[PDB]
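To be precise, the following lines are my_file-v5.json, and they hold JSON, C-alpha atoms.
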```json
[["chain", "number", "residue", "atom", "x", "y", "z"],
["R", 1, "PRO", "CA", -27.50, 101.59, -150.31],
["R", 2, "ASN", "CA", -26.26, 99.57, -147.31],
["R", 3, "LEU", "CA", -24.98, 96.02, -146.85],
["R", 4, "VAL", "CA", -24.30, 94.06, -143.67],
["R", 5, "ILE", "CA", -22.56, 90.68, -143.49],
["R", 6, "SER", "CA", -23.16, 88.68, -140.31],
["R", 7, "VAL", "CA", -20.76, 85.78, -139.84],
["R", 8, "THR", "CA", -22.64, 82.47, -139.60],
["R", 9, "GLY", "CA", -21.75, 78.88, -138.81],
["R", 10, "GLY", "CA", -19.55, 79.81, -135.86],
["R", 11, "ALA", "CA", -21.81, 78.11, -133.32],
["R", 12, "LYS", "CA", -24.29, 75.33, -134.04],
["R", 13, "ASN", "CA", -26.30, 76.43, -130.98],
["R", 14, "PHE", "CA", -27.08, 80.08, -130.22],
["R", 15, "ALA", "CA", -27.95, 81.55, -126.83],
["R", 16, "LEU", "CA", -30.74, 84.16, -126.87],
["R", 17, "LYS", "CA", -29.03, 86.40, -124.35],
["R", 18, "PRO", "CA", -30.59, 89.88, -123.98],
["R", 19, "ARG", "CA", -27.22, 91.50, -124.67],
["R", 20, "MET", "CA", -26.74, 89.38, -127.80],
["R", 21, "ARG", "CA", -30.45, 89.62, -128.74],
["R", 22, "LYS", "CA", -31.36, 93.31, -128.54],
["R", 23, "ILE", "CA", -28.26, 94.21, -130.57],
["R", 24, "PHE", "CA", -29.40, 92.11, -133.52],
["R", 25, "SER", "CA", -33.00, 93.28, -133.16],
["R", 26, "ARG", "CA", -31.77, 96.88, -133.39],
["R", 27, "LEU", "CA", -29.52, 95.96, -136.32],
["R", 28, "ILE", "CA", -32.48, 94.50, -138.21],
["R", 29, "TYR", "CA", -34.55, 97.59, -137.40],
["R", 30, "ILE", "CA", -31.76, 99.80, -138.79],
["R", 31, "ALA", "CA", -31.51, 97.68, -141.93],
["R", 32, "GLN", "CA", -35.26, 97.99, -142.47],
["R", 33, "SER", "CA", -35.07, 101.75, -141.93],
["R", 34, "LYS", "CA", -32.28, 102.13, -144.50],
["R", 35, "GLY", "CA", -33.38, 99.25, -146.74],
["R", 36, "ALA", "CA", -30.10, 97.38, -146.30],
["R", 37, "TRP", "CA", -29.18, 93.81, -147.19],
["R", 38, "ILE", "CA", -28.13, 91.28, -144.55],
["R", 39, "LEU", "CA", -26.02, 88.27, -145.55],
["R", 40, "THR", "CA", -26.07, 85.17, -143.33],
["R", 41, "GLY", "CA", -25.50, 81.45, -143.62],
["R", 42, "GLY", "CA", -29.19, 80.57, -143.50],
["R", 43, "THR", "CA", -28.95, 77.50, -141.27],
["R", 44, "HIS", "CA", -32.09, 76.51, -139.38],
["R", 45, "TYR", "CA", -30.17, 76.11, -136.10],
["R", 46, "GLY", "CA", -28.42, 79.03, -134.42],
["R", 47, "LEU", "CA", -28.55, 82.79, -134.90],
["R", 48, "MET", "CA", -29.81, 82.47, -138.48],
["R", 49, "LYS", "CA", -33.21, 81.18, -137.33],
["R", 50, "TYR", "CA", -33.53, 84.05, -134.85],
["R", 51, "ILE", "CA", -32.72, 86.61, -137.54],
["R", 52, "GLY", "CA", -35.22, 84.98, -139.89],
["R", 53, "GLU", "CA", -37.96, 85.10, -137.26],
["R", 54, "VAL", "CA", -37.17, 88.75, -136.53],
["R", 55, "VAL", "CA", -37.37, 89.59, -140.23],
["R", 56, "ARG", "CA", -40.63, 87.67, -140.58],
["R", 57, "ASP", "CA", -42.27, 89.52, -137.69],
["R", 58, "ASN", "CA", -41.00, 92.89, -138.94],
["R", 59, "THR", "CA", -42.49, 92.17, -142.36],
["R", 60, "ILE", "CA", -45.71, 91.21, -140.58],
["R", 61, "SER", "CA", -45.36, 94.40, -138.53],
["R", 62, "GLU", "CA", -40.93, 93.76, -147.96],
["R", 63, "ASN", "CA", -38.85, 96.87, -147.24],
["R", 64, "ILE", "CA", -36.20, 94.65, -145.57],
["R", 65, "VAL", "CA", -34.32, 92.05, -147.63],
["R", 66, "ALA", "CA", -32.31, 89.18, -146.14],
["R", 67, "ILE", "CA", -30.23, 86.83, -148.31],
["E", 1, "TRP", "CA", -23.10, 68.32, -116.96],
["E", 2, "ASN", "CA", -26.31, 66.98, -115.41],
["E", 3, "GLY", "CA", -24.95, 66.55, -111.89],
["E", 4, "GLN", "CA", -23.61, 70.10, -111.66],
["E", 5, "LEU", "CA", -26.76, 71.51, -113.26],
["E", 6, "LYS", "CA", -29.10, 69.69, -110.88],
["E", 7, "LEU", "CA", -26.96, 70.69, -107.89],
["E", 8, "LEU", "CA", -26.92, 74.39, -108.79],
["E", 9, "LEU", "CA", -30.65, 74.29, -109.53],
["E", 10, "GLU", "CA", -31.32, 72.72, -106.13],
["E", 11, "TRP", "CA", -29.25, 75.42, -104.42],
["E", 12, "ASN", "CA", -30.66, 78.19, -106.67],
["E", 13, "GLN", "CA", -27.40, 79.83, -107.78],
["E", 14, "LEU", "CA", -28.33, 81.30, -111.15],
["E", 15, "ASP", "CA", -25.02, 83.04, -111.84],
["E", 16, "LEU", "CA", -22.79, 79.99, -111.39],
["E", 17, "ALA", "CA", -24.87, 77.76, -113.68],
["E", 18, "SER", "CA", -25.42, 80.49, -116.27],
["E", 19, "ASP", "CA", -21.72, 81.35, -116.54],
["E", 20, "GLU", "CA", -19.76, 78.16, -115.92],
["E", 21, "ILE", "CA", -22.17, 75.55, -117.32],
["E", 22, "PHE", "CA", -24.34, 77.13, -120.02],
["E", 23, "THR", "CA", -21.38, 79.06, -121.48],
["E", 24, "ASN", "CA", -19.77, 75.74, -122.50],
["E", 25, "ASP", "CA", -21.45, 76.17, -125.93],
["E", 26, "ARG", "CA", -21.85, 72.39, -126.32],
["E", 27, "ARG", "CA", -25.03, 71.10, -127.94],
["E", 28, "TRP", "CA", -28.10, 71.42, -125.70],
["E", 29, "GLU", "CA", -30.70, 68.84, -126.72],
["E", 30, "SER", "CA", -34.39, 69.20, -125.96],
["E", 31, "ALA", "CA", -34.74, 66.28, -123.53],
["E", 32, "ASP", "CA", -32.06, 67.64, -121.18],
["E", 33, "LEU", "CA", -33.85, 70.92, -120.59],
["E", 34, "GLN", "CA", -37.17, 69.07, -120.63],
["E", 35, "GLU", "CA", -36.15, 67.13, -117.51],
["E", 36, "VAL", "CA", -34.48, 70.07, -115.80],
["E", 37, "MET", "CA", -37.46, 72.33, -116.58],
["E", 38, "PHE", "CA", -39.90, 69.80, -115.13],
["E", 39, "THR", "CA", -37.83, 69.63, -111.95],
["E", 40, "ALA", "CA", -37.48, 73.43, -111.89],
["E", 41, "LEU", "CA", -41.19, 74.21, -112.11],
["E", 42, "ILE", "CA", -42.08, 72.10, -109.07],
["E", 43, "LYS", "CA", -39.49, 73.71, -106.77],
["E", 44, "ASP", "CA", -40.58, 77.28, -107.65],
["E", 45, "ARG", "CA", -37.42, 78.44, -109.45],
["E", 46, "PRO", "CA", -38.51, 81.21, -111.85],
["E", 47, "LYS", "CA", -35.06, 82.51, -112.79],
["E", 48, "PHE", "CA", -33.91, 79.05, -113.88],
["E", 49, "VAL", "CA", -37.09, 78.71, -115.96],
["E", 50, "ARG", "CA", -36.23, 81.98, -117.69],
["E", 51, "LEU", "CA", -32.65, 80.80, -118.23],
["E", 52, "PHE", "CA", -33.80, 77.54, -119.81],
["E", 53, "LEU", "CA", -36.26, 79.34, -122.08],
["E", 54, "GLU", "CA", -33.52, 81.76, -123.17],
["E", 55, "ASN", "CA", -31.02, 78.97, -123.83],
["E", 56, "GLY", "CA", -33.63, 77.21, -125.95],
["E", 57, "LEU", "CA", -36.60, 75.03, -125.06],
["E", 58, "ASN", "CA", -39.75, 74.60, -127.14],
["E", 59, "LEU", "CA", -42.29, 75.11, -124.37],
["E", 60, "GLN", "CA", -45.19, 73.91, -126.53],
["E", 61, "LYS", "CA", -43.34, 70.65, -127.19],
["E", 62, "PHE", "CA", -42.55, 70.29, -123.48],
["E", 63, "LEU", "CA", -46.13, 70.85, -122.27],
["E", 64, "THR", "CA", -47.53, 67.44, -123.13],
["E", 65, "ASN", "CA", -50.94, 66.32, -121.93],
["E", 66, "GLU", "CA", -49.28, 63.90, -119.50],
["E", 67, "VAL", "CA", -47.09, 66.62, -117.99],
["E", 68, "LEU", "CA", -50.03, 68.98, -117.51],
["E", 69, "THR", "CA", -52.32, 66.36, -115.97],
["E", 70, "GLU", "CA", -49.57, 65.19, -113.61],
["E", 71, "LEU", "CA", -48.76, 68.78, -112.63]]
```
Representation of the structure as structure tokens:
Amino acid sequence: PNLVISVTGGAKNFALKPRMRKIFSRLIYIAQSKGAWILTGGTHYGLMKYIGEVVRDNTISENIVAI
Amino acid sequence: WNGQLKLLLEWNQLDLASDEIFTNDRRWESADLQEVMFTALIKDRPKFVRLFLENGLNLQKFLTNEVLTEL
């Protein structure tokens, strides 16, 4: 039902600031709740790795799909 | 960057280093923060340790056997 597109590649290095971190954690929680897609670059370095780790732990915690 | 970073760390001004230095967005390699983290732990600077961890530092990689035995 819902799609989200997060712009990737802007910064090679990403700062895990609480302001910039909790927002994306909540976004991923919302996407899991509504079964949304999230579209990212997929690079190992930057925000993509953080999003991937969040998704992995939430799955550990299936219903959420990231492409 | 290293001179300003070491100076601010010595004087323990978190805000100045966090805003003016770490907001540069330039690449932050592991060895940099390895050295500055080693010098931060000794001088009892917890906030700078938190800042380094947030900005990205594999603590498991940093904590070598040599570092732990020396500490």
Q: Compare E:42, E:33, E:18, E:71 by their minimum atom-to-atom distance to residue 59 (chain E), counting all atoms listed in the file, and give me the closest one.
A: E:33
Q | Test item: residues at most 10 Å from residue 33 (chain R), all atoms listed in the file, excluding those fewer than 4 positions along its chain, as a list in words | A | residues 27, 28, 29, 63 and 64 of chain R
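The interatomic distance for the pair CA of residue 14 (chain R) and CA of residue 28 (chain E) works out to 9.8 Å.
When only C-alpha atoms are used to compute distances to residue 39 (chain E), the closest of the residues E:23, E:56, E:63, E:9 turns out to be E:9.
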Q.
Taking all atoms listed in the file into account and nothing else, which residues of chain E lie no more than 12 Å away from chain R? Please answer as number ranges by chain.
A. E: 18-19, 22-30, 50-57
Residues just named, written with C-alpha atoms as a compact mmCIF listing (two decimals), keeping the file's coordinate frame:
```txt
# COMPACT_ATOMS: atom_id res chain seq x y z
CA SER E 18 -25.42 80.49 -116.27
CA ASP E 19 -21.72 81.35 -116.54
CA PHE E 22 -24.34 77.13 -120.02
CA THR E 23 -21.38 79.06 -121.48
CA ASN E 24 -19.77 75.74 -122.50
CA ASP E 25 -21.45 76.17 -125.93
CA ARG E 26 -21.85 72.39 -126.32
CA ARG E 27 -25.03 71.10 -127.94
CA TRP E 28 -28.10 71.42 -125.70
CA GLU E 29 -30.70 68.84 -126.72
CA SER E 30 -34.39 69.20 -125.96
CA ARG E 50 -36.23 81.98 -117.69
CA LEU E 51 -32.65 80.80 -118.23
CA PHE E 52 -33.80 77.54 -119.81
CA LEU E 53 -36.26 79.34 -122.08
CA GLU E 54 -33.52 81.76 -123.17
CA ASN E 55 -31.02 78.97 -123.83
CA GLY E 56 -33.63 77.21 -125.95
CA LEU E 57 -36.60 75.03 -125.06
```
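Here CA of residue 45 (chain E) is placed at a distance of 28.3 Å from CA of residue 49 (chain R).
All residues of protein, DNA or RNA that reach within 10 Å of residue 2 (chain E), judged by only C-alpha atoms and not counting those fewer than 6 positions away in the chain, are residues 8, 21, 32, 33 and 36 of chain E.
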Q) Quick one: residues within 12 Å of residue 44 (chain R), all atoms listed in the file counted, chain neighbours fewer than 2 positions away excluded, as a ChimeraX atom specification? A) /R:8-9,12-14,40-42,46-53
Q. Skipping near chain neighbours, those fewer than 6 positions away, what residues fall within 12 Å of residue 1 (chain R) using all atoms listed in the file, listed as a ChimeraX atom specification?
A. /R:31-38
Restrict the selected residues to C-alpha atoms and save them as a PDB file, in the frame of the given file.
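Saved file again34.pdb follows:
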```
ATOM      1  CA  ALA R  31     -31.510  97.680-141.930  1.00  0.00           C
ATOM      2  CA  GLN R  32     -35.260  97.990-142.470  1.00  0.00           C
ATOM      3  CA  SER R  33     -35.070 101.750-141.930  1.00  0.00           C
ATOM      4  CA  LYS R  34     -32.280 102.130-144.500  1.00  0.00           C
ATOM      5  CA  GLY R  35     -33.380  99.250-146.740  1.00  0.00           C
ATOM      6  CA  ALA R  36     -30.100  97.380-146.300  1.00  0.00           C
ATOM      7  CA  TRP R  37     -29.180  93.810-147.190  1.00  0.00           C
ATOM      8  CA  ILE R  38     -28.130  91.280-144.550  1.00  0.00           C
TER       9      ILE R  38
END
```
Q.
Report, in Å to a single decimal, how far apart CA of residue 49 (chain E) and CA of residue 25 (chain R) are.
A. 22.9 Å
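With distances restricted to all atoms listed in the file, E:31 is the closest residue to residue 58 (chain E) from E:5, E:13, E:20, E:31.
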